[PDB]
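Reading through the structure tokens given below for one structure.
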Amino acid sequence: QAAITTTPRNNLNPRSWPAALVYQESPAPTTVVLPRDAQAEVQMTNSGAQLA
Amino acid sequence: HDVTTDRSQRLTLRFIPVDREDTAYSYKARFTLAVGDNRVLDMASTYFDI
Amino acid sequence: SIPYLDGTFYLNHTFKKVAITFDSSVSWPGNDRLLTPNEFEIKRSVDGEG
């Protein structure tokens with residue numbers, strides 16, 4: 001299991017250690033929209049019609 | 001039978017201000033009241049009792 | 001001493017309330033941001049210390 005679980009010993013204890021078998025945490029984002037628009041707000045508030 | 005309900009539901013509701021106000025000139029009646037999604041809260045018949 | 005020729009004013013504390021109303025009706029601080037958007041209070045007239 002020593003050869004199966006990990007690659008055989010080279011540097012027996014390395015502090016300066018890169019990731020290959022040791023896993024880098026999950027890379028998946030979830031993106032959602034906005035209730036209000038970026039460009040559809042400039043027409044109203046400063047002119048007269050207040051937005052709430 | 002088309003416009004009827006044979007289900008358990010309330011008729012009269014009462015809520016209190018969670019954030020009670022005790023200032024010199026104002027009382028903020030601060031309700032965290034959520035409307036029932038299969039209910040119809042009548043804003044026509046919504047009033048305060050002092 | 002002229003209070004403007006050296007930048008040496010004295011009466012910079014003695015205010016009360018200011019209402020900046022744009023075009024005679026709609027208030028400039030009327031973006032809900034402050035407690036009094038209609039008339040933003042400079043120096044309070046002892047309303048409630050809290």
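As shown in the structure tokens, the chain order sets the letters A, B, ...; within each chain, residues go from 1, and ligands are also counted from 1 in the order they appear.
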- Item | Nearby residues (only C-alpha atoms) at most 12 Å from residue 25 (chain B), same-chain spacing under 3 positions excluded, as a VMD selection string | (chain B and resid 21 to 22 28) or (chain C and resid 46 to 50)
- For chain B, which residues have at least one atom within 10 Å of chain C, if we go by only C-alpha atoms? Write them as a list in words, please.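 The selection requested is residues 23, 24, 25 and 26 of chain B.
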Selection to disk with N, CA and C atoms, as a PDB file, in the first residue's frame:
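To be explicit, this is the file written out as result.pdb:
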ATOM      1  N   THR B  23     -38.231  56.298  22.699  1.00  0.00           N
ATOM      2  CA  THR B  23     -37.601  57.616  22.569  1.00  0.00           C
ATOM      3  C   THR B  23     -38.579  58.709  23.035  1.00  0.00           C
ATOM      4  N   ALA B  24     -38.120  59.963  23.038  1.00  0.00           N
ATOM      5  CA  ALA B  24     -38.890  61.102  23.542  1.00  0.00           C
ATOM      6  C   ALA B  24     -40.083  61.516  22.672  1.00  0.00           C
ATOM      7  N   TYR B  25     -39.974  61.324  21.355  1.00  0.00           N
ATOM      8  CA  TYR B  25     -40.967  61.859  20.410  1.00  0.00           C
ATOM      9  C   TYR B  25     -41.492  60.901  19.323  1.00  0.00           C
ATOM     10  N   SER B  26     -41.022  59.649  19.323  1.00  0.00           N
ATOM     11  CA  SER B  26     -41.426  58.662  18.305  1.00  0.00           C
ATOM     12  C   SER B  26     -41.418  57.205  18.782  1.00  0.00           C
TER      13      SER B  26
END
Find the residues near residue 13 (chain C): any atom within 12 Å, counting only C-alpha atoms, skip ones fewer than 5 places away on the same chain, and give them as a PDB file with N, CA, C and O atoms, in the first residue's frame.
ATOM      1  N   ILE C  42     -27.841  70.145  10.627  1.00  0.00           N
ATOM      2  CA  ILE C  42     -26.442  70.498  10.895  1.00  0.00           C
ATOM      3  C   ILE C  42     -26.147  70.315  12.387  1.00  0.00           C
ATOM      4  O   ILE C  42     -25.502  69.338  12.782  1.00  0.00           O
ATOM      5  N   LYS C  43     -26.660  71.242  13.186  1.00  0.00           N
ATOM      6  CA  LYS C  43     -26.542  71.197  14.646  1.00  0.00           C
ATOM      7  C   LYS C  43     -27.958  71.001  15.158  1.00  0.00           C
ATOM      8  O   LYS C  43     -28.837  71.827  14.932  1.00  0.00           O
ATOM      9  N   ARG C  44     -28.172  69.852  15.851  1.00  0.00           N
ATOM     10  CA  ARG C  44     -29.496  69.467  16.413  1.00  0.00           C
ATOM     11  C   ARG C  44     -29.954  70.476  17.484  1.00  0.00           C
ATOM     12  O   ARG C  44     -29.140  70.982  18.244  1.00  0.00           O
TER      13      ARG C  44
END
- Query: Which residues of chain A are close to chain C, meaning at most 9 Å apart when you count only C-alpha atoms, and how do they look as JSON, numbers by chain?
  - Reply: {"A": [45, 46, 48, 50, 51, 52]}
- Skipping near chain neighbours, those fewer than 4 positions away, what residues fall within 12 Å of residue 45 (chain B) using only C-alpha atoms, listed as a list in words?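 Near residue 45 (chain B), the qualifying residues are residues 11, 12, 13, 40 and 41 of chain B.
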How about saving the chosen residues, N, CA, C and O atoms kept, as a PDB file, in the first residue's frame?
ATOM      1  N   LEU B  11     -57.749  33.451  10.158  1.00  0.00           N
ATOM      2  CA  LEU B  11     -58.527  34.579   9.630  1.00  0.00           C
ATOM      3  C   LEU B  11     -58.023  35.929  10.147  1.00  0.00           C
ATOM      4  O   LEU B  11     -57.876  36.876   9.369  1.00  0.00           O
ATOM      5  N   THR B  12     -57.775  36.007  11.454  1.00  0.00           N
ATOM      6  CA  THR B  12     -57.288  37.228  12.098  1.00  0.00           C
ATOM      7  C   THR B  12     -55.880  36.999  12.652  1.00  0.00           C
ATOM      8  O   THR B  12     -55.648  36.052  13.413  1.00  0.00           O
ATOM      9  N   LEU B  13     -54.951  37.866  12.248  1.00  0.00           N
ATOM     10  CA  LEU B  13     -53.556  37.796  12.688  1.00  0.00           C
ATOM     11  C   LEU B  13     -53.137  39.003  13.522  1.00  0.00           C
ATOM     12  O   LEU B  13     -53.615  40.123  13.303  1.00  0.00           O
ATOM     13  N   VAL B  40     -53.713  35.443   1.275  1.00  0.00           N
ATOM     14  CA  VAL B  40     -53.858  36.771   0.659  1.00  0.00           C
ATOM     15  C   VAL B  40     -54.139  37.864   1.695  1.00  0.00           C
ATOM     16  O   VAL B  40     -55.295  38.133   2.042  1.00  0.00           O
ATOM     17  N   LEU B  41     -53.063  38.480   2.192  1.00  0.00           N
ATOM     18  CA  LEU B  41     -53.161  39.585   3.149  1.00  0.00           C
ATOM     19  C   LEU B  41     -53.703  40.844   2.482  1.00  0.00           C
ATOM     20  O   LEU B  41     -53.072  41.414   1.584  1.00  0.00           O
TER      21      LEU B  41
END
- Mind pulling up the distance from CA of residue 27 (chain B) to CA of residue 37 (chain C)? 19.2 Å
- Task: May I ask for the distance between CA of residue 44 (chain B) and CA of residue 14 (chain B), given in Å to one decimal place?
- Result: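 CA of residue 14 (chain B) lies at a distance of 16.1 Å from CA of residue 44 (chain B).
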- Do a neighbour search on residue 9 (chain B) at 12 Å with only C-alpha atoms, toss out local chain neighbours closer than 5 positions, and write the hits as a ChimeraX atom specification. /B:36,38-40
- Calculate how many Å separate CA of residue 29 (chain C) from CA of residue 17 (chain C), rounding to one decimal. 13.1 Å
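These are the residues of region 2-47 of chain A assigned helix (DSSP H, G or I) by DSSP from backbone coordinates: residues 2, 3, 4 and 5 of chain A.
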